[PDB]
């Protein structure tokens, strides 16, 4: 099975997809994030952040409260399973994580924690 996915976030506060599936037989999984557009990070920064569905609200609320110099994530937030950096237009960042962190029967969400973006920039992550 493939073990990576390419995700884009644009100047329109959109991701290219709202559903990612991770095949069990992957030991690691990589998300490659890019930002088409022209807007810089402080105004249209995007990141890809993974937690359980239950934790998504907290991560987003705490991240937004943390500010740009924290890339909009609360320091030491243990609800965050994996994430990319916050990137502005033209930049790119990849994260690779251990698939063993993810458990059967759990609901996962990926999302962006830049202020307001999770309204649109979120999706499900499913183990298969």
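Residue numbers count along the first chain shown, from 1.
Stretches 108-116 and 10-18 differ in mean C-alpha B factor, with the higher average recorded for 10-18. Looking at mean Cα B-factors across 63-71 and 40-48, the upper value is held by 63-71. For residue 99, the recorded CA temperature factor ranks within the middle third of the chain's modelled residues. Split the chain's modelled residues into thirds by C-alpha temperature factor. Residue 127 is in the highest one.
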